[PDB]
């Protein structure tokens, strides 16, 4: 079974629970406010920063290299623009760093530093989600908070180097299937992807609580 297929099959159930988490439900209903949005984007700032830092550390490692797409996918620079937009010039010392965010970041560094062969599970989970559900949330965000079509405040949800996200995802799935793969690695990779989803679910539950 191809890795791409193994991953989709392995995370399809937790994906359902993830997109139906309270925070995402309210978001999809359009009940998302500036406070909540700023909180989740700041958290994403930390997460992608850690993720992309580990990607750089392993860009030349064969167990990840085929998926090294900084120009097309990386979100840190975009998140930094969004942070300046929502938090101002000194967003650096203004943004929050929640426990659930720290937990996620912690795992990202363990993987990147000790289990680089599992890093693909974390890139897959975040990036392909960004190119799928994230695009739907983008429209909802714009309508709900009156964000300009010009993109300010939503740079994270914008991929200027990707013309067709659908075609890109196809490319990415096929590229995932070129990675050296053994039963041991395939099993663990799909397992780490489920973990990635859970870390996300826990972030949402934490953020939802903080808002209430």
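Numbering follows the first chain given and starts at 1. Whichever C-alpha set is largest while still superposing within 1.5 Å between the two forms counts as the rigid core.
Superposing each structure in 9 other deposited structures of this protein on the rigid core shows that the farther-lying of 174-182 and 23-31, by root-mean-square Cα distance, is 23-31.
Choosing between 132-140 and 109-117, the greater Cα displacement from the shown form in 9 other deposited structures of this protein, fitted by the core, goes with 132-140. Looking at mean Cα B-factors across 29-37 and 150-158, the upper value is held by 29-37. Per-stretch averaging of Cα B factors for 173-181 and 39-47 places 173-181 on top.
The residue among 126, 75, 90, 106 whose C-alpha atom has the highest B-factor in the PDB entry is 90. For residue 66, the recorded CA B-factor ranks within the lowest third of the chain. Only modelled residues enter the ranking. Per the PDB record, residue ranking by Cα B-factor puts residue 189 in the lowest third of the chain.
For residue 133, the recorded CA temperature factor ranks within the middle third of the chain's modelled residues.
Residue-level temperature factors show residue 96 in the highest third of its chain, judged at the C-alpha atom. Split the chain's modelled residues into thirds by C-alpha temperature factor. Residue 163 is in the highest one.
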